[PDB]
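Student: What the sequence shown shows, in the authors' numbering, is residues 16 to 36, 36A to 36B, 37 to 58, 58A to 58B, 59 to 65, 65A to 65B, 66 to 143, 145 to 168, 168A, 169 to 184, 184A to 184B, 185 to 244, in sequence order. Sharing a structure here in structure tokens format.
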Amino acid sequence: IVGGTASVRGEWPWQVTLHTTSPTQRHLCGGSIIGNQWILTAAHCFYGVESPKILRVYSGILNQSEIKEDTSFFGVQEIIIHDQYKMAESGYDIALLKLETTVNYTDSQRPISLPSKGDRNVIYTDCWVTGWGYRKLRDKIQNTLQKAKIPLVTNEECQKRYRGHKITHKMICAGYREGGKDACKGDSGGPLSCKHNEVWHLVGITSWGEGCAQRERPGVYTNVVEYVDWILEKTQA
Ligand SMILES: COC(=O)Nc1ccc(-c2ccnc([C@H](Cc3ccccc3)NC(=O)/C=C/c3cc(Cl)ccc3-n3cnnn3)c2)cc1
Ligand SMILES: *[C@@H]1O[C@H](CO)[C@@H](O)[C@H](O)[C@H]1NC(C)=O
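Written as structure tokens, this is what we have:
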């Protein structure tokens, strides 16, 4: 997260850090708890992933330094990638992880609601991107989960910034026209969370952008509301 600030324990209880154990253990991507055994994340995260056996989902984590040998985690039973996915910039950048066990909800780990299909005409004005990603293009993963408040940008304005890419209605953009705050490397897969009527909704999944927090180059997120039926279909299978 560029221009982010530290989060506190229990602030983003749906946020997870997804690690790969091959060849060595490291943070791969963010994700969000959406159900008892389900994490919603980005399909692009699994490009170099051999099988679900090499993945570990860590919930209730504020600091990466808290992740050691005896740290509790959730194994992954299945990786479900949208069957139309090809590349982040062409959309369908969405995946589910079916966990090996159910998740007992606590203050440190609980699901975020999906956006309401009735809330299509909803104007979200309290949106936040979170993650352990870089603070600039050439950086390193951050120890403490970071957050940044970012405004949504219309699809029409976003399309003007990205003449070489198709910005579809299945994408949502966010960022400051004057730059400065945005997701960056290591944040993808995590949530763009909007608080509406005192309830948090998972509005976007961090997907891609041209550079990090550059002027007139908003971040591009998967528009979760456009995938509600796909998510319900796959989570009941
Ligand atoms: C010790 O462990 C480690 O060091 N771990 C560690 C270090 C680096 C990375 C990493 C590097 C590069 N890209 C990403 C992924 C893309 C990715 C590709 C393959 C697998 C996973 C993820 N893209 C983002 O995260 C976000 C991109 C992005 C998103 C928005 Cl919304 C706006 C602007 C963006 N950027 C444009 N250029 N950079 N970011 C992740 C992952 C893990
Ligand atoms: C969840 O809580 C129940 C009751 O305390 C316990 O029996 C079970 O082992 C817990 N399961 C997980 C996955 O933590």
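All C-beta atoms in this analysis are idealised placements derived from N, C-alpha and C, irrespective of residue type, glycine included.
Can you list, in chain order, every residue whose CB sits closer than 6 Å to a heavy atom of ligand 2?
Tutor: Ordered along the chain, the selected set is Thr110, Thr111, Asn113.
Student: In angstroms, rounded to a whole number, what distance separates the CA positions of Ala183 and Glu223?
Tutor: Those two C-alpha atoms are separated by around 10 Å.
Student: Helix or strand or just coil, what does DSSP make of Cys42?
Tutor: Strand.
Student: Is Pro198 helix, strand or coil when you go by DSSP?
Tutor: Looking at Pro198 - three-state DSSP - the assignment turns out to be strand.
Student: Taking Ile121 and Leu199 to be in contact with their CB atoms under 8 Å, please state how far apart those CB atoms are, rounded to whole angstroms.
Tutor: Not confirmed; about 11 Å, so no contact.
Student: If I'm right that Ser22 touches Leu71 with Cβ under 8 Å, what's the distance once you round it to whole angstroms?
Tutor: That belief holds up - the Cβ atoms of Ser22 and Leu71 are roughly 7 Å apart, short of 8 Å.
Student: Would DSSP call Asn230 helix, strand or coil?
Tutor: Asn230 falls in the strand class under three-state DSSP.
Student: If we count the other Cβ atoms within 10 Å of its Cβ and call it buried at 16 or more, is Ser62 buried or exposed?
Tutor: Answer is exposed; the Cβ neighbour count stays below 16.
Student: Whole angstroms are fine: how far does the CA of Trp29 sit from the CA of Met180?
Tutor: The alpha-carbon atoms of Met180 and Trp29 are separated by roughly 21 Å.
Student: Measure the alpha-carbon distance for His203 versus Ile160 and round it to whole angstroms.
Tutor: Roughly 15 Å separates the two Cα atoms.
Student: Give the secondary structure of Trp215 by DSSP, where H, G and I count as helix, E and B as strand, and everything else as coil.
Tutor: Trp215 falls in the strand class under three-state DSSP.
Student: Look at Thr213 and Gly197 and say whether their C-beta atoms are less than 8 Å apart.
Tutor: For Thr213 and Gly197, yes; Cβs fall inside 8 Å.
Student: Mind reading off the beta-carbon distance from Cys201 to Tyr133? Whole number of angstroms is fine, and I expect it under 8 Å.
Tutor: Indeed they touch by this definition, with Cβ atoms about 4 Å apart.
Student: Quick one: does the C-beta of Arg39 sit closer than 7 Å to a heavy atom of ligand 1?
Tutor: Yes, Cβ of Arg39 sits closer than 7 Å to a heavy atom of ligand 1.
Student: What are the boundary residues of the beta strand (DSSP E) that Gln168A is part of?
Tutor: Element bounds for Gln168A: not the beta strand (DSSP E) but the alpha helix (DSSP H), 165-170.
Student: Whose C-alpha, out of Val206, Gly44, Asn230, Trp27, is nearest the C-alpha of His34?
Tutor: Per the Cα distances, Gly44.
Student: Have a look at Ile47 and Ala244 and give me their C-alpha separation to the nearest angstrom.
Tutor: Taking the straight line joining both Cα atoms gives about 15 Å.
Student: Less than 6 Å between C-beta atoms, sequence neighbours within five positions excluded: which residues of the same chain meet that for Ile65?
Tutor: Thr35, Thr36, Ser36A.
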